[PDB]
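These notes concern the structure reproduced below.
Chains as they are written, first to last, in the deposited numbering: chain A, 6 to 120; chain A', 6 to 120; chain B, 3 to 119; chain B', 3 to 119. A prime marks a further copy of an entry chain.
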């Protein structure tokens, strides 16, 4: 009576896991991890992010408030236009959609299942 | 040695308070408070806001998730286009700017005052 | 490999399998008792008319009048929220929502962990 | 009534009146001692050159090489942050910032409360 729900939710998930969207997500992440300059940009973004946040909580009186804010905007724009990053971020969403269409589908045949 | 700072910060504030930007902010708020349909829209916005937030924390499975979200967007758009609201929200910012130009000015002749 | 149609079907069955639960079953039962209740049916129609009267008071630019009716509507909804039959419904709805949430989560979380080999 | 020029002048004097404080005075004093310090001057030039070398390793697409220098820069900054003379500076800077914040706040708060008669 209880397992019958887990077992089917596990099937549905293992299905999504061996779906076209998943096999893609995988390969895009592999392409990104193996890419080195995307790595260069990512490591940088990591550093600038921290700096930004520190300055941000220090307030607008900070000497590099304007600068670190540009540095932040700019590094984002390097990720935004990096193919391997872009490719993965798209692949991530395609999967996120699969997840939500499923979430919606579960909710639909419960709302209508009352009538 | 101590009061000399408060007294001047109070002068600066009492100046801003009897500035053109202030006398305007005042009259715009009076115009808005005395306006009744802007009031109708405002009272409504107050109700929809609460409803929105409740549904928002209930999650996307809620029956009126889509509806209350539209109702939210739409009432905002009624404030956005209400003249008396718009007029006041502009007057609010003009003052907020006065405040920040001052904040910046205090910070400038401290940074350069080192040299 | 599976297409989105396979996965949407697999989900539509789990959705029925979720309608086949204590929780959902309780929900319909409280849902039955609130429109059956003629105190709830009273207010939902008292306010239904009061709402339609407000449309007229919108056209007829009357501050005091439209807010007299408005203050009477909002208070009548809060008063309707104090009925124990709807109080039961509001809870059962939340309980159903939690199972749907839990189901949805257990799914995304398996996927998000297992995805990278 | 006053124009924005009157108010910007009134502020520019308070700014000097703020430079005429214990806090700001302490700040310049710690500021003096860090570039006077030839351990700080060592690292700020060691890293200054290391930074310029990284520009070359950007052109010359070399993953391992650019991150060898990168890992050496970031660690050398953290090591520079452990110098007590700069540690003093970082604090005095914060103390100055707080007075500037407090001043700015006391001003907006008087205005935002008094504005509506």
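The beta-carbon is built from N, C-alpha and C at its ideal position, and this holds for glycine as well.
Put simply, the backbone Cα of residue 97 of chain B' is about 18 Å away from that of residue 109 of chain A'.
At a C-beta separation below 9 Å, residue 65 of chain B' has these neighbours in chain A: 41, 42, 44 and 45.
At a C-beta separation below 7 Å, residue 36 of chain A' has no neighbours in chain B', since its nearest C-beta there lies roughly 13 Å away. By the neighbour-count criterion, in which a residue is buried when 16 or more other Cβ atoms sit within 10 angstroms of its Cβ, residue 12 of chain B' is buried.
Beta-bridge annotation (DSSP): residue 4 of chain B' is paired with A':24. Separation of the CB atoms of residue 71 of chain B' and residue 59 of chain B' is rounded to 6 Å, and the pair is thereby assigned contact status at 8 Å. In this structure, residue 99 of chain A' and residue 29 of chain A' form a Cβ contact; the two beta carbons are roughly 7 Å apart against a cut-off of 8 Å. Between the alpha carbons of residue 54 of chain A and residue 73 of chain A lies a gap of roughly 9 Å.
Only 52, 63, 64, 66, 67 and 68 from the segment 51-69 of chain A' bring a Cβ to less than 9 Å from some Cβ of chain B. Contact note: residue 48 of chain A' reaches chain B through 69 and 72, using a C-beta cutoff of 8 Å and chain order. A straight-line Cα-Cα distance of about 46 Å links residue 113 of chain B and residue 78 of chain B. Rounded to the nearest whole angstrom, the CA to CA distance from residue 108 of chain B' to residue 17 of chain A' is 11 Å.
At a beta-carbon threshold of 7 Å, the residues of chain A lying near residue 20 of chain B are 111 and 115, ordered along the chain. Under the Cβ criterion of 8 Å, residue 9 of chain B is counted among the residues facing chain A. Unbroken alpha helix (DSSP H) runs of no fewer than 4 residues, entirely contained in the segment 27-78 of chain B, are found at 42-61, following chain order. In this structure, residue 102 of chain B' lies near residue 112 of chain A', with their beta-carbon atoms less than 8 Å apart. The beta carbons of residue 114 of chain A' and residue 17 of chain B' sit about 3 Å from each other, so the pair counts as a contact at 8 Å. Assigned with DSSP and collapsed to three states, residue 18 of chain B' falls in helix. The beta carbon of residue 84 of chain A' does not come within 8 Å of any beta carbon belonging to chain B', so the residue lies off that interface. Between residue 10 of chain A' and residue 19 of chain B', the C-beta gap is smaller than 8 Å, which places the two residues in contact.
Counting only the Cα atoms, residue 39 of chain B' lies some 9 Å from residue 88 of chain B'.
Inclusion of residue 102 of chain A and residue 9 of chain B in the CB contact set at 8 Å is not warranted, their separation being larger than that value.
Taking C-beta atoms as the reference points, residue 46 of chain A' and residue 83 of chain A' count as a pair closer than 8 Å. Here residue 5 of chain B is exposed: its Cβ has fewer than 16 other Cβ atoms, across all protein chains shown, within 10 Å. Counting only Cβ-Cβ distances below 9 Å, residue 43 of chain B' has no contacts in chain A' at all, with the closest Cβ about 19 Å away. Of all residues in the segment 90-115 of chain B, those with a C-beta nearer than 9 Å to a C-beta of chain A' are 95, 96, 98, 99, 102, 103 and 106, reading in chain order. In summary, the residues of the segment 21-34 of chain A whose CB is separated from some CB of chain B by less than 9 Å are 21, 22, 23, 24, 25, 26, 27, 28, 30, 31 and 34, in the order they occur in the chain.
Its chain contains 68, 71, 72 and 75 as the residues whose beta carbon lies nearer than 8 Å to that of residue 56 of chain B', once the 5 sequence neighbours on both sides are disregarded; these appear in chain order. Apart from the 5 residues on each side of it in sequence, residue 70 of chain A' sits with its Cβ closer than 7 Å to the Cβ of 60 in its chain, given in chain order. A Cβ-Cβ separation of about 6 Å places residue 14 of chain A' in contact with residue 105 of chain B' under the 8 Å criterion. Taking each of A:43, A:32 and A:37 in turn and checking the Cα distance to residue 81 of chain A, the smallest one comes out for A:43. At a cut-off of 8 Å between C-beta atoms, residue 18 of chain A counts as an interface residue with respect to chain B. Here residue 3 of chain B is exposed. Its C-beta has fewer than 16 other C-beta atoms within 10 Å.
In this structure, residue 65 of chain B sits near residue 41 of chain A', with a CB-CB distance shorter than 8 Å.
For the 8 Å CB-CB criterion, residue 117 of chain B and residue 31 of chain A form a contact.
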